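Chains as they are written, first to last, in the entry's author numbering: chain Q, 63 to 123; chain F, 1 to 38; chain m, 1 to 136; chain 8, 414 to 699; chain i, 1 to 141.
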RNA sequence: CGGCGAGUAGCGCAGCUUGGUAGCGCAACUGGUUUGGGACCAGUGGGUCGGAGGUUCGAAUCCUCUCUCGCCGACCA
RNA sequence: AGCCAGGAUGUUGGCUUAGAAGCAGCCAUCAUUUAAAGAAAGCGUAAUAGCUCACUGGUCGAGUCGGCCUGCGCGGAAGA
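1. Is DSSP giving residue 55 (chain m) helix, strand or coil here?
2. Helix, strand or coil for residue 63 (chain m)? Go by DSSP, reduced to three states.
3. Measuring only the C-alpha atoms, how far is residue 14 (chain i) from residue 80 (chain i)?
4. Using a cut-off of 9 Å between C-beta atoms, extract the partners of residue 18 (chain i) located in chain 8.
5. For a contact defined as C-beta to C-beta under 8 Å, what are the partners of residue 77 (chain Q) on chain 8?
6. Can you find a CB in chain 8 that lies within less than 9 Å of the CB of residue 130 (chain i)?
7. Heavy atom of the ligand GDP less than 8 Å from the Cβ of residue 615 (chain 8), yes or no?
8. Using three-state DSSP, classify residue 135 (chain i) as helix, strand or coil.
9. Going along the chain, which residues of its own chain have a beta-carbon closer than 8 Å to the beta-carbon of residue 579 (chain 8), five neighbours each way excluded?
10. Of the choices 73 (chain m), 98 (chain m), 50 (chain m) and 95 (chain m), whose alpha-carbon is the least far from that of residue 1 (chain m)?
11. Against chain 8, does residue 55 (chain i) count as a neighbour if the rule is that its beta carbon must be under 9 Å from one of theirs?
12. According to DSSP, simplified to helix, strand and coil, what is residue 38 (chain i)?
13. Quick check: the stretch 21-35 of chain m against the stretch 121-132 of chain m, are at least 3 beta-carbon pairs closer than 8 Å?
14. Run through the DSSP bridge pairs and tell me what residue 505 (chain 8) is partnered with.
15. For residue 125 (chain Q), which residues in chain 8 fall below 7 Å Cβ to Cβ?
16. Can you tell which of 502 (chain 8), 492 (chain 8), 585 (chain 8) and 433 (chain 8) has its C-alpha closest to the C-alpha of residue 514 (chain 8)?
17. Any C-beta of chain 8 sitting closer than 9 Å to the C-beta of residue 102 (chain Q)?
18. Assign residue 33 (chain F) to one of two classes, buried (16 or more other C-beta atoms within 10 Å of its C-beta) or exposed (fewer than that).
19. What does residue 625 (chain 8) touch in chain i if you count any residue whose Cβ is under 8 Å from its own?
20. Please give the ranges of any alpha helix (DSSP H) in the stretch 532-579 of chain 8, keeping only runs that are unbroken, at least 4 residues long and fully inside the region.
21. Do residue 611 (chain 8) and residue 24 (chain i) have their C-beta atoms closer together than 9 Å?
22. Listed from N- to C-terminal order along the chain, which residues in the stretch 33-44 of chain i have their beta-carbon within a distance smaller than 8 Å of any beta-carbon of chain 8?
23. Tell me, please, whether the CB atom of residue 621 (chain 8) is closer than 9 Å to any CB atom in chain i?
24. For a contact meaning CB atoms closer than 8 Å, what does residue 428 (chain 8) contact in chain Q?
25. Could you confirm whether any beta carbon from chain i is found closer than 9 Å to the beta carbon of residue 631 (chain 8)?
26. Grab me the residues of residue 555 (chain 8)'s own chain with a C-beta within less than 7 Å of its C-beta, minus the 5 sequence neighbours each way, in chain order.
27. Compute the Euclidean distance between the alpha carbons of residue 119 (chain m) and residue 42 (chain m), then round it to the nearest angstrom.
28. Taking the alpha-carbon positions, what's the residue 9 (chain m) to residue 136 (chain m) distance?
29. Anything in chain 8 within Cβ reach of residue 92 (chain i), meaning under 7 Å, just list it in chain order.
30. Quick one: is residue 12 (chain F) buried, meaning 16 or more other Cβ sit within 10 Å of its Cβ, or exposed?
31. Which ranges would you report for the beta strand (DSSP E) in the stretch 30-98 of chain i if only whole runs of at least 3 residues count?
32. Do residue 570 (chain 8) and residue 481 (chain 8) come within 9 Å of each other at the CB atom, strictly closer than that value?
33. What span of residues does the alpha helix (DSSP H) with residue 499 (chain 8) cover, start to end?
34. So, at 6 Å on beta carbons, what are the nonlocal neighbours of residue 99 (chain i) in its own chain, with the 5 sequence-adjacent residues on each side left out?
35. When you check each C-beta in the stretch 490-507 of chain 8 against every C-beta of chain i, which residues fall closer than 7 Å?
36. Curious, which full-length beta strand (DSSP E) runs of at least 3 residues does the stretch 434-486 of chain 8 contain?
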């Protein structure tokens with residue numbers, strides 16, 4: 063198991079993700095993070111700060 | 001062709017004949033009225 | 001099925017069926033179904049004759065019923081040695097002398113009336129006929 | 414993009430791999446669309462015509478080893494209510510866990526019209542006299558809303574409602590953050606059966622096309638499947654059949670329509686509203 | 001009019017063009033164009049009334065030229081217009097809808113008696129009087 | 001299909017020998033005591049005896065056949 | 001009983017405004033042109049139509065039709 067943060071995802075029951083570690087500790091043993099930005103995980107909606115986290119690319123305009 | 005024990009004149013082009021002791025009913029208008037017994 | 005309220009005896013002797021008619025007319029109306037053969041009518045047949053007499057005439061008009069049971073034939077169940085008493089009450093039957101009218105029909109022309117009774121006669125085990133009205 | 418197949422490949426197992434390859438088949442063309450259902454937990458796959466739809470899965474037969482079977486939508490259809498009852502009671506008096514747990518609520522859920530706006534479901538608070546204080550106004554609504562999910566008419570959610578409660582009693586420390594919340598549910602579960610409420614169906618409208626005169630060919634196959642034939646749109650040659658047929662009698666629709674019209678049709682359909690279902694066809698639901 | 005091959009009795013809606021639900025393919029069973037029959041008949045609604053259920057008698061030759069014979073309203077819907085009560089029977093001998101005299105009904109029976117097929121003018125009015133007692137209505141006398 | 005055993009309120013039972021008044025213990029509900037549920041200390045509402053009968057001074061009671069639930073045997077070859 | 005013919009004009013018969021227009025459902029089943037032809041008889045059109053009949057011409061040209069009460073029979077009636 064693994065936690066997803068932000069707001070807004072695209073998972074339906076069988077999608078490819080890549081899980082990284084680092085627990086969240088509000089659940090006793092849900093022990094990872096899904097690296098949002100891994101092979102189907104769409105870019106999270108409208109992060110204008112900390113775009114390294116969550117993989118959102120350069121507000122060009 | 002239906003067997004019965006009661007033929008009944010169903011169509012109006014139903015005819016009654018008695019070919020060889022047996023009462024046949026032949027509707028030339030309709031195969032679904034064709035019957036014999038009686 | 002039509003069956004008596006508050007009889008005197010539950011169980012009745014066997015009896016035979018000899019003789020001729022009592023009610024030999026059309027009396028209440030004009031069109032009737034008269035018994036020519038002699039046989040026994042059970043009550044469900046009397047229900048099923050009428051129940052398949054309404055939709056012949058599509059519930060309209062009036063139909064008069066002259067007859068009724070109160071010959072309770074009893075019948076033993078399956079697997080009995082003969083006699084521990086009489087059988088159990090199973091089903092009402094109504095004896096017929098030859099010549100009694102059974103159903104009387106009114107409010108309809110004779111034209112549908114001679115056509116509505118042919119569906120009735122095969123709901124009775126006896127033979128019947130159709131009698132129209134007689135004066136005096 | 415109007416013909417469709419589906420998947421139920423042993424009902425959970427093969428679906429954990431195969432749908433990603435549809436997206437790997439979706440870069441091939443932007444016409445490779447799928448319809449995701451979570452009413453039925455299925456993905457209904459489209460195609461183009463006679464040539465594409467069988468080699469859609471036949472490429473997945475040799476290169477992916479899938480076990481897909483063409484399926485049908487089996488849905489929840491809707492539910493609605495019929496009449497009202499203004500005497501139920503939220504009578505619980507549980508004791509353990511702490512100080513006390515008493516509740517009491519009189520639950521009156523009211524029938525609104527089937528043709529309504531999104532104000533067709535509401536929590537109309539009509540409390541009086543301080544029999545229930547105003548620090549209960551979300552949780553009495555929270556106890557009410559929880560029974561919408563597993564409403565025991567074979568388990569379907571239900572709409573076109575409105576609740577107008579009247580009467581209750583509450584103690585000092587007995588009535589809690591939970592006491593009305595269960596009282597506004599299990600008692601509201603008993604306000605549910607006594608209306609003889611109605612099962613529904615997701616009404617769609619028919620737009621099957623016709624060359625010039627083909628009404629003498631379709632007059633069976635849609636009239637078995639609930640057709641309310643409201644006419645045509647008439648042109649010089651192309652005229653179109655227009656009726657009203659809900660979703661869940663498209664069981665074998667797309668693969669049997671060309672069996673009828675000498676092999677010449679292309680249907681389209683669109684979903685509008687909620688109408689009711691009698692118990693003869695509601696018998697085939699449980 | 002030629003012999004009866006694609007001869008129908010039609011046009012449930014005169015004032016509304018393309019009667020698509022009831023009629024629909026009733027001209028379309030031959031496949032005959034409705035796009036020119038409307039513009040021919042929009043040119044012939046200039047002198048007669050509109051928005052009334054007026055039928056048509058349409059016959060085509062073997063070379064796509066078609067011919068209409070339009071007429072007055074029929075007698076069983078004349079009660080809806082000459083009396084002003086857009087109603088029907090339900091059960092006609094046991095119904096009341098309205099009452100109109102024959103002296104009030106005859107004002108259209110000047111305009112239609114040239115158009116119908118009869119030999120006595122007061123007897124083609126009797127195609128409305130006996131109609132009226134058969135369609136739920138009574139007539140004043 | 002057939003003995004013994006009964007049906008008295010939501011629940012379970014004396015009233016039945018030898019016909020005469022429908023009570024009783026614990027629930028729903030409310031109050032006293034306490035700061036409050038529970039307990040104790042006391043009450044209120046709850047049936048006209050599954051049902052149809054006849055009988056009769058009046059029927060749960062007296063008898064008969066049915067609805068239903070128990071229970072007893074349903075055996076030799 | 002046939003042999004060749006009309007075998008309808010009016011008008012979708014207001015319904016049911018279902019697709020119902022001789023002819024899905026309730027009922028009402030007027031009459032005119034008339035020598036005569038049910039605002040419908042069997043089908044049959046998705047509904048028109050198509051095809052036929054009643055009711056009615058010319059011809060052939062002598063008996064012909066449906067029930068009733070009855071005689072003796074046919075069907076119903078398959079077993080090792």
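For each residue, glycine too, the CB sits at the ideal point set by N, CA and C.
Reading off the structure:
1. When DSSP states are grouped into helix, strand and coil, residue 55 (chain m) belongs to the helix group.
2. The three-state reading of DSSP puts residue 63 (chain m) in strand, counting E and B together.
3. Here the alpha carbon of residue 14 (chain i) sits roughly 16 Å from the alpha carbon of residue 80 (chain i).
4. Per Cβ cutoff of 9 Å: 645, 646, 647 and 648.
5. Going along chain 8 in sequence order, the residues near residue 77 (chain Q) (Cβ under 8 Å) are 433.
6. Chain 8, which has no Cβ nearer than 9 Å to the Cβ of residue 130 (chain i), makes this no.
7. Annotation note on the ligand GDP: not contained in the displayed structure, which lists no ligands.
8. Coil at residue 135 (chain i), not helix or strand.
9. Once the five neighbours on either side are set aside, the close Cβ partners of residue 579 (chain 8) are 499, 519, 521, 539, 540 and 541.
10. The option with the nearest alpha carbon to residue 1 (chain m) is 50 (chain m).
11. Output row for residue 55 (chain i): interface = no.
12. Secondary structure at residue 38 (chain i): helix, using DSSP grouped into helix, strand and coil.
13. Contact annotation: the stretch 121-132 of chain m touches the stretch 21-35 of chain m, with at least three C-beta pairs closer than 8 Å.
14. Its beta-bridge partners are 516 (chain 8).
15. The requested residue 125 (chain Q) does not occur in the structure, where chain Q is confined to residues 63 to 123.
16. Answer by Cα proximity: 585 (chain 8).
17. At least one C-beta of chain 8 is nearer than 9 Å to the C-beta of residue 102 (chain Q).
18. Residue environment: residue 33 (chain F) is assigned as buried (16 or more neighbouring CB atoms within 10 Å of its CB, all protein chains considered).
19. Here the neighbours are 25, 28 and 31.
20. Runs of the alpha helix (DSSP H) inside the stretch 532-579 of chain 8: 552-558.
21. Residue 611 (chain 8) places its beta carbon 9 Å or farther from that of residue 24 (chain i).
22. Residues of the stretch 33-44 of chain i that bring their beta carbon within less than 8 Å of a beta carbon in chain 8 comprise 33, 34 and 35, in sequence order.
23. It does not; no Cβ of chain i falls within 9 Å.
24. Within 8 Å Cβ-Cβ: 75 and 76.
25. With 9 Å as the cut-off, residue 631 (chain 8) does not count as an interface residue toward chain i.
26. Here residue 555 (chain 8) has 594 as same chain residues with Cβ atoms under 7 Å from its own Cβ, once five neighbours each way along the sequence are excluded.
27. Going by the C-alpha atoms only, they are around 18 Å apart.
28. Near 40 Å, if we compare the C-alpha coordinates of residue 136 (chain m) and residue 9 (chain m).
29. Under the 7 Å cutoff, chain 8 gives no residues; its nearest Cβ is about 28 Å from residue 92 (chain i).
30. Exposed is the call here.
31. The qualifying runs are 56-60 and 66-68.
32. 9 Å or more divides the Cβ of residue 481 (chain 8) from the Cβ of residue 570 (chain 8).
33. Looking at the DSSP string, residue 499 (chain 8) is not in any alpha helix (DSSP H), and its letter there is neither H nor E.
34. Once the five neighbours on either side are set aside, the close Cβ partners of residue 99 (chain i) are 138 and 140.
35. Only those residues of the stretch 490-507 of chain 8 whose C-beta falls short of 7 Å from the nearest C-beta of chain i would be listed, and there are none.
36. Listed in chain order, the beta strand (DSSP E) runs fully inside the stretch 434-486 of chain 8 are 447-450 and 455-459, counting runs of at least 3 residues.
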